[PDB]
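Worksheet: the structure to be examined is printed underneath.
Cβ placement follows ideal geometry from the backbone for every residue including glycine, while neighbour counts extend to all protein chains displayed. Read-outs throughout are calculated quantities, based only on the coordinates presented, and are distinct from any laboratory measurement.
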Amino acid sequence: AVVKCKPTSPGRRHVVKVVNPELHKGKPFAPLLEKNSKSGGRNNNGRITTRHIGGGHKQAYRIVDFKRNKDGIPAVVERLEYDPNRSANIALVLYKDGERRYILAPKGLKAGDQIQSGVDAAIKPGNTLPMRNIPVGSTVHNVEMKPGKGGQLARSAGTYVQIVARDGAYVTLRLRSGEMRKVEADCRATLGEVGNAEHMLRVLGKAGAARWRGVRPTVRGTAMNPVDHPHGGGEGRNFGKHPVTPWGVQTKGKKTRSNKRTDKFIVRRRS
Amino acid sequence: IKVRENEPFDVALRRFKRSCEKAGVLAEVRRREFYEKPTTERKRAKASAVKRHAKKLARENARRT
Amino acid sequence: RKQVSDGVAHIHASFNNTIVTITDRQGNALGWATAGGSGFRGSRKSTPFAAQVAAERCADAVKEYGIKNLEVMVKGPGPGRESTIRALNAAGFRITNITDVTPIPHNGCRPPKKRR
Amino acid sequence: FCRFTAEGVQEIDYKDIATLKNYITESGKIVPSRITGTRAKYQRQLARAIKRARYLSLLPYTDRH
Amino acid sequence: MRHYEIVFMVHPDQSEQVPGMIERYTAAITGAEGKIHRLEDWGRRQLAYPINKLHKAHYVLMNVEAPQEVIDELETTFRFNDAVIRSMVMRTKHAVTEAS
Amino acid sequence: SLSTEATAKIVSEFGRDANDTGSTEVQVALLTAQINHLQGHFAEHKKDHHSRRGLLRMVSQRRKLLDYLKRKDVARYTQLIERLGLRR
RNA sequence: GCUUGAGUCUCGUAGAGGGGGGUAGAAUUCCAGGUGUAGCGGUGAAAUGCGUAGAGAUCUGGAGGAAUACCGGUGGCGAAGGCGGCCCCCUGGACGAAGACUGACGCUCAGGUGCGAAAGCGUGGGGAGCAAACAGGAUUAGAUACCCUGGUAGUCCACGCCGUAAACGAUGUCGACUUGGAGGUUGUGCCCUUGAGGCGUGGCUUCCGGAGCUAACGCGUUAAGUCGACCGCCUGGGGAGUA
């Protein structure tokens with residue numbers, strides 16, 4: 001699982017890799033791929049909008065089924081697979097009618113196991129039901145927010161939301177930010193935590209690791225001139241001002257969510 | 001811990017209170033965890049209980065009279 | 001006012017104060033008094049007498065509710081917990097029962113290690 | 001100081017609260033063998049019988065209610 | 001195989017609707033070769049404390065011999081069945097007769 | 001644990017009859033069978049140190065019986081370690 | 001060869017023995033609301049603190065974490081550390097009855113290996129109560145203490161690590177023998193359950209005491225008595241369990 005690398009070289013000194021020998025070894029299922037041209041952080045106007053993005057290895061899009069709209073057809077997990085686009089291992093599931101789909105591999109899933117969608121489904125890990133058939137207290141993942149939209153919460157590695165209380169039409173999830181929230185009861189949500197739970201113990205070792213995961217260097221504020229950042233300048237290492245993002249607004253504590261439109265589902269913001 | 005005490009009572013009659021637990025647990029649990037003095041106090045008092053049994057066995061004396 | 005019929009009388013008797021409060025079947029307070037508010041700031045409020053004075057001063061302010069008979073219910077140890085019963089009796093309340101809900105943990109939280 | 005388990009074949013059960021309601025007090029809490037006889041073996045067996053009763057709500061943990 | 005003793009308290013509405021419960025569970029033990037030895041239902045009894053408020057539940061006893069797969073059937077149904085409030089399985093108790 | 005069923009299976013397999021239960025060969029057979037059954041319950045739970053001490057005593061007592069057997073009859077020692085798969 | 005040591009097996013028994021997973025109730029805290037008011041709290045007395053933004057009190061609902069009131073017992077189990085709500089799963093040991101089987105398969109162990117309270121350390125969660133550090137109040141000649149109000153690590157969970165304690169019956173392990181008394185607990189045989197029983201015998205066990213031993217206190221069939229085997233260890237105090 002989590003094997004630390006021997007220090008034959010500076011930069012390998014500190015690497016800690018996450019191997020998953022159960023993963024597939026070879027090319028992926030082709031009919032569920034498509035080109036994923038990189039962006040480098042630039043919108044249709046050409047300009048960098050989110051800095052520190054661009055480069056890195058190339059990767060194709062593994063079309064991961066999220067809606068999970070195949071009710072009443074049991075699907076056997078054909079093989080786990082490494083998905084670059086994502087934090088979690090994907091799983092290639094084969095339905096009894098000759099269908100193959102990618103899903104987010106839950107924590108306890110193995111090649112050959114059997115999962116099932118639908119309202120009729122059981123309460124194994126991997127089964128996706130509307131959060132009206134799922135018992136309260138059950139720990140679900142790949143949760144939806146609008147019935148049929150596809151799934152938007154607890155998608156990444158080792159993440160799950162907890163159905164803390166059901167109430168009529170509205171099921172209350174405590175979200176992994178520690179944030180209470182309500183969703184419509186009709187929203188599908190597969191069962192069980194998401195696999196690759198250890199994706200948080202790998203440490204990348206060196207600078208090239210980020211540089212090929214697609215990140216670019218983060219020049220601090222105080223390393224720039226006054227013209228290029230609110231921070232910046234001095235005759236050697238001066239800050240003397242309250243920290244702010246490069247575009248002015250104050251950082252290190254300043255609450256910026258202001259929606260007023262989805263406040264009714266927020267029961268208790270994170271803390 | 002609860003008694004009706006029919007109004008023709010004129011009494012305290014709460015011997016149930018100081019006979020069952022109220023102070024026997026509360027004023028000694030109100031503080032003081034210490035994890036180890038229970039055994040120490042236990043065998044001090046238990047030596048005294050066996051000493052009461054020894055008194056009851058060997059209570060044959062002469063009254064100095 | 002509201003002409004409430006009957007009620008319960010909670011005596012939260014601590015080692016320092018003796019809080020007397022009057023409540024009803026539904027558990028809503030009608031008035032209260034405390035041996036620290038009735039004078040006796042300090043060494044005297046931890047005495048049984050100040051407790052009965054609190055019980056008298058809480059029989060006050062419930063004459064306006066016409067409370068007929070009282071279910072006295074006490075809580076915790078202390079010099080009170082008996083003189084407040086005496087005073088809630090001598091105030092002319094038909095003490096219908098003398099119970100308590102004095103809380104006993106079933107070996108729950110660790111208590112403070114105080115008082116060396 | 002009678003142990004009903006002296007003639008009680010069909011040893012202590014958690015359904016016979018008819019028989020269990022004698023080994024508790026007004027509060028619902030077990031009584032000591034030093035005061036009710038009850039050979040220690042059967043006192044332990046009835047202790048866990050009363051605990052299972054309480055779980056099945058055949059007996060109250062306290063007399064709070 | 002072992003001799004478990006199952007008890008479970010069902011809500012009073014589903015006490016109006018109990019017998020299907022016993023029938024299905026005994027069907028499980030049947031189809032898994034176990035054998036039932038008691039069904040001493042006690043009906044609507046009142047609970048000494050308010051359980052999962054709306055007290056005064058309805059008890060059922062089984063006292064059946066079976067293996068752990070059967071008992072898993074029973075216990076998982078017990079947990080994920082919103083009618084039953086507090087089942088409890090036990091061990092041998094040497095399957096018995098009447099006189100609750 | 002070795003339910004009476006399986007222990008009688010082993011006694012029949014390794015003994016001179018059904019009465020021969022104390023022979024060194026049958027004691028070694030029972031200890032090995034129980035150890036091989038227990039090693040799975042230990043590779044799970046990984047932390048049951050008291051049961052682990054039980055297992056150590058089992059393997060040490062089987063070691064003592066196997067040493068006694070090799071000292072007494074080398075031929076039966078050979079055939080026994082062959083039949084049970086010990087000390088390859 | 002042999003069975004008196006040592007084991008294996010058949011039947012059961014008692015248990016906070018162990019690891020894994022569920023779950024219940026009381027209670028402290030927090031959150032939201034209801035009633036209600038100027039006090040709460042704390043102490044030797046106070047004050048910091050909390051309170052008219054409406055607290056403390058009482059009631060209902062919800063969340064979450066730790067430990068399991070009574071049973072409770074020099075009671076039990078374990079090699080020692082240690083282990084106490086209930087239920088389920090995997091698991092070790094002990095011991096009793098009778099009978100059979102092997103036939104010295106034993107005892108003790110340098111080095112080695114393993115387990116080893118609490119604190120503490122790394123990684124990740126969790127965090128109700130308590131609480132080093134810390135801050136304030138008070139005491140005081142001072143008070144970087146006791147005391148009070150708060151409070152972070154930590155205590156909790158998983159996985160590693162440390163490898164120490166007054167880790168102490170300050171009593172190395174195994175075997176034999178040597179007067180007694182009352183107990184506790186767990187087996188079992190016999191006779192009348194003749195009616196809450198009486199007579200034996202196994203195990204673990206607490207206290208008094210005899211011969212003896214000891215410098216004395218004391219130990220006293222569970223020896224510190226009489227011996228046998230193997231191990232560890234000591235050789236004036238301090239320096240020093242330090243360099």
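Just in segment A:148-228: which chymotrypsin sites (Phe, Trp or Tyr not before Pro) are loop by DSSP and have at most 15 other Cβ atoms within 10 Å? When the chymotrypsin sites (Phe, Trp or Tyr not before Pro) of segment A:148-228 are filtered for loop state and at most 15 Cβ neighbours within 10 Å, nothing remains. Taking A:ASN20, A:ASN127, A:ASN45 as the candidate residues, the one with maximal mean-square fluctuation in a Gaussian network model of chain A, Cα springs under 10 Å, is A:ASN45.
Backbone amide hydrogens, once placed in the peptide plane, bring A:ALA189 within less than 5 Å of A:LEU129, A:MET131, excluding anything fewer than 5 places away on its chain. Between E:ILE51, E:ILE29, E:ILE71, the GNM of chain E built on Cα springs shorter than 10 angstrom shows E:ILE51 fluctuating the most.
For the cross-link pairs B:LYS17/C:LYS68; C:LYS2/C:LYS45; B:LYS22/C:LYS113; C:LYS113/D:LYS51; A:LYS58/A:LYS206, the ones whose C-alpha atoms lie over 23 Å apart are B:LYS17/C:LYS68; C:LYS2/C:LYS45; C:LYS113/D:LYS51. Taking all Cα pairs closer than 8 Å and separated by 6 or more residues, the relative contact order of chain C comes to 29 percent.
Taking a ≥ b ≥ c as the square roots of the Cα gyration tensor eigenvalues, with a/c under 1.5 meaning rounded and otherwise prolate when a/b beats b/c, else oblate, which class fits the protein assembly as shown? Spell out each step's value before the answer.
Working: a/c = 1.83, a/b = 1.21, b/c = 1.51.
Verdict is oblate for the protein assembly as shown.
Pull up the cross-link candidates among the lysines for A:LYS255, meaning alpha carbon to alpha carbon under 22 Å and not fewer than 8 places away within one chain. Within reach: A:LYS182, A:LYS241, A:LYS264. Annotation: amide H of C:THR96 within the under-5 Å range of C:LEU70, C:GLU71, C:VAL72, sequence separation 5 or more or interchain, hydrogens built in the peptide plane.
Residue by residue, segment C:54-63 carries 3J(HN,Hα) couplings of 4, 5, 5, 5, 8, 4, 4, 6, 10, 5 Hz when phi is fed to the Karplus relation 6.51 cos²θ - 1.76 cosθ + 1.60 (θ = phi - 60°); x denotes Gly or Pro. Modelled this way, with points 7 Å down the Cα-to-C-beta line, the labels at E:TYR49 and A:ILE53 are 5.5 nm from one another. Note on A:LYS124: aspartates and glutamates with a C-alpha under 13 Å away, same-chain residues under 8 apart excluded, are A:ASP113, A:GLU193. Within straight-line reach of B:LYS56, meaning a Cα separation under 25 Å, sit the following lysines at least 8 residues removed in sequence or on another chain: B:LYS43, B:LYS46. Tell me whether segment A:117-194 comes out rounded, prolate or oblate; compute the Cα gyration tensor, take square roots of the eigenvalues as a ≥ b ≥ c, and use a/c under 1.5 as the rounded threshold. Rounded.
Using a Gaussian network model on chain C with a 10 Å cutoff between Cα atoms, which of C:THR18, C:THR47, C:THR34 fluctuates the most? The residue that fluctuates most here is C:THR47. For chain D, excluding the exposed loop sites themselves (trypsin sites (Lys or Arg not before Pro), DSSP loop, at most 15 other Cβ atoms within 10 Å), the longest remaining stretch covers D:40-63.
How high is the FRET efficiency between B:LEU13 and D:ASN22 when r is their beta carbon distance and R₀ equals 25 Å, given to the nearest 0.05?
Values: r = 23 Å, r/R0 = 0.93.
After rounding, the FRET efficiency stands at 0.60.
Taking other C-beta atoms within 10 Å as the exposure proxy, B:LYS22, A:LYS254, F:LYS64 rank A:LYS254, F:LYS64, B:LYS22 from fewest upward.
Rounded to whole numbers, the Karplus 3J(HN,Hα) couplings from phi for segment A:99-107 are 10, 10, 9, 8, 10, 6, 5, x, 5 Hz, using 6.51 cos²θ - 1.76 cosθ + 1.60 with θ = phi - 60°, and x at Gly and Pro. Shape class for chain E: prolate, because the ratio a/c of the largest to smallest gyration tensor axis (alpha-carbon atoms, square roots of eigenvalues) is 1.5 or more and a/b beats b/c.
Counting other beta carbons within 10 Å of each residue's own, what order do A:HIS199, A:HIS141 fall into, fewest first? Each step should come with its number before you reach the end.
On the way: A:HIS199 19, A:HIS141 28.
Ordered from fewest to most neighbouring Cβ atoms within 10 Å, A:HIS199, A:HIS141 come out as A:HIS199, A:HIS141.
Near the amide H of E:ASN63, within less than 5 Å, lie the amide hydrogens of E:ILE6, all on another chain or at least 5 residues away, with H placed in the peptide plane.
Would you order A:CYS187, C:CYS109, A:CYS5, D:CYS2 from fewest to most other beta-carbon atoms within 10 Å of each residue's own beta-carbon? Before the final figure, lay out each step's value.
Working: A:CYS187 22, C:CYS109 7, A:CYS5 15, D:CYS2 10.
The order, fewest Cβ neighbours first, is C:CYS109, D:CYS2, A:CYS5, A:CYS187.
Per-residue 3J(HN,Hα) values for segment A:262-271, derived from phi via the Karplus relation 6.51 cos²θ - 1.76 cosθ + 1.60 with θ = phi - 60°, read 10, 6, 5, 8, 7, 8, 7, 4, 4, 5 Hz in sequence order (x marks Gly and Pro). A Förster radius of 45 Å, combined with the Cβ-Cβ distance separating A:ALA60 from A:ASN238, puts the computed FRET efficiency at roughly 0.45.
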